[PDB]
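Visitor: Questions regarding the structure given below will be posed in turn.
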Amino acid sequence: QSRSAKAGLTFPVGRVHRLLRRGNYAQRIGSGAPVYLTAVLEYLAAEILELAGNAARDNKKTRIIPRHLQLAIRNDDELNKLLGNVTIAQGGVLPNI
DNA sequence: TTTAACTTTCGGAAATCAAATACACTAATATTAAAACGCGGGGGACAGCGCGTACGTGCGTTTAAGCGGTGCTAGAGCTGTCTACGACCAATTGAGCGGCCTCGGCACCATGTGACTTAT
């Protein structure tokens, strides 16, 4: 058995734990912190990737592309607050009317 | 063949339990600095306009941009190996403010000897 396996999360929480270790965020790394934040990250990735799926459906290209990613993330009004100053590579910009 | 997760522990952390302040607010109070009603105003900001203008709008001949070979070498990234350098321990200090003391100087009772005296 593995900690990354029993976590039931895609991203390996062991990697997150040791990243927190070398990241100097504190002297001890609470074992629930990496798994919790890994799950939060996985949900946010799920948001981006269900947007990817429906953008692939809308644009008829089965595999998601950065244009679709930029368009969907810029249409995500609440998420743009998190990613306001953020910008995406090769994504262009959403059309202004 | 190399990035992990078992573990096998343990000694600082992060809970707990507690009382010591102490601070916030919920609140009376007459005052009283600013609010907010209330009418003109200037002043200005927008309606409407002429015609000048300035950036597109449109052709000719250029120019660079883009490839497309032709090296070649400067670093990429990696050093395999020697320290240095800093993280730990501790000693190696120290200074500052209480502690004892201990200086010498007073007031007071003890002790011996020089008068002298007397009854030896």
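Within each chain, counting starts at residue 1; across the structure tokens, chains are named A, B, ... in the order shown, with ligands numbered 1 upward in that order.
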Per residue of chain B within 12 Å of chain A, what are the shortest atom pair and its distance in Å to one decimal, counting only C-alpha atoms (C1' of nucleotides), with rows by chain and residue number, as CSV?
Guide:
residue,atom,partner,partner_atom,distance
B:3,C1',A:15,CA,10.0
B:4,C1',A:14,CA,8.1
B:5,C1',A:2,CA,6.0
B:6,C1',A:2,CA,8.2
B:12,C1',A:28,CA,10.9
B:13,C1',A:28,CA,9.0
B:14,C1',A:30,CA,11.3
Visitor: Could you name the residues that touch residue A:48 at 9 Å or less, counting only C-alpha atoms (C1' of nucleotides), but leaving out those on the same chain fewer than 5 positions away, as an NGL selection string?
Guide: :A and (43 or 53 or 69 or 72-73)
Visitor: Taking only C-alpha atoms into account, which of A:61, A:9, A:87, A:92 comes nearest residue A:46?
Guide: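 Using only C-alpha atoms, the shortest distance to residue A:46 belongs to A:9.
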Visitor: May I have the residues within 9 Å of residue A:91 as JSON, numbers by chain, using only C-alpha atoms (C1' of nucleotides) and disregarding those fewer than 5 positions away in the same chain?
Guide: {"A": [65, 66, 67, 68, 69, 70, 71]}
Visitor: Please produce a file of those selected residues containing N, CA, C and O atoms, as a PDB file, in the first residue's frame.
Guide:
ATOM      1  N   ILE A  65      -7.300  22.300 -26.411  1.00  0.00           N
ATOM      2  CA  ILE A  65      -6.165  23.090 -26.885  1.00  0.00           C
ATOM      3  C   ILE A  65      -6.089  24.380 -26.078  1.00  0.00           C
ATOM      4  O   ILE A  65      -7.067  24.786 -25.425  1.00  0.00           O
ATOM      5  N   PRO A  66      -4.927  25.044 -26.088  1.00  0.00           N
ATOM      6  CA  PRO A  66      -4.779  26.266 -25.280  1.00  0.00           C
ATOM      7  C   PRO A  66      -5.755  27.370 -25.639  1.00  0.00           C
ATOM      8  O   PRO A  66      -6.115  28.159 -24.759  1.00  0.00           O
ATOM      9  N   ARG A  67      -6.177  27.476 -26.902  1.00  0.00           N
ATOM     10  CA  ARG A  67      -7.176  28.481 -27.249  1.00  0.00           C
ATOM     11  C   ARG A  67      -8.454  28.256 -26.460  1.00  0.00           C
ATOM     12  O   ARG A  67      -9.003  29.182 -25.847  1.00  0.00           O
ATOM     13  N   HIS A  68      -8.943  27.020 -26.479  1.00  0.00           N
ATOM     14  CA  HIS A  68     -10.148  26.671 -25.744  1.00  0.00           C
ATOM     15  C   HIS A  68      -9.942  26.879 -24.252  1.00  0.00           C
ATOM     16  O   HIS A  68     -10.848  27.342 -23.550  1.00  0.00           O
ATOM     17  N   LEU A  69      -8.754  26.532 -23.751  1.00  0.00           N
ATOM     18  CA  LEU A  69      -8.460  26.728 -22.336  1.00  0.00           C
ATOM     19  C   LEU A  69      -8.563  28.199 -21.955  1.00  0.00           C
ATOM     20  O   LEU A  69      -9.204  28.553 -20.959  1.00  0.00           O
ATOM     21  N   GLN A  70      -7.930  29.072 -22.742  1.00  0.00           N
ATOM     22  CA  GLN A  70      -7.966  30.500 -22.454  1.00  0.00           C
ATOM     23  C   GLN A  70      -9.388  31.035 -22.545  1.00  0.00           C
ATOM     24  O   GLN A  70      -9.820  31.822 -21.696  1.00  0.00           O
ATOM     25  N   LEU A  71     -10.136  30.613 -23.565  1.00  0.00           N
ATOM     26  CA  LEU A  71     -11.504  31.095 -23.715  1.00  0.00           C
ATOM     27  C   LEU A  71     -12.364  30.682 -22.526  1.00  0.00           C
ATOM     28  O   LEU A  71     -13.090  31.503 -21.957  1.00  0.00           O
TER      29      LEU A  71
END
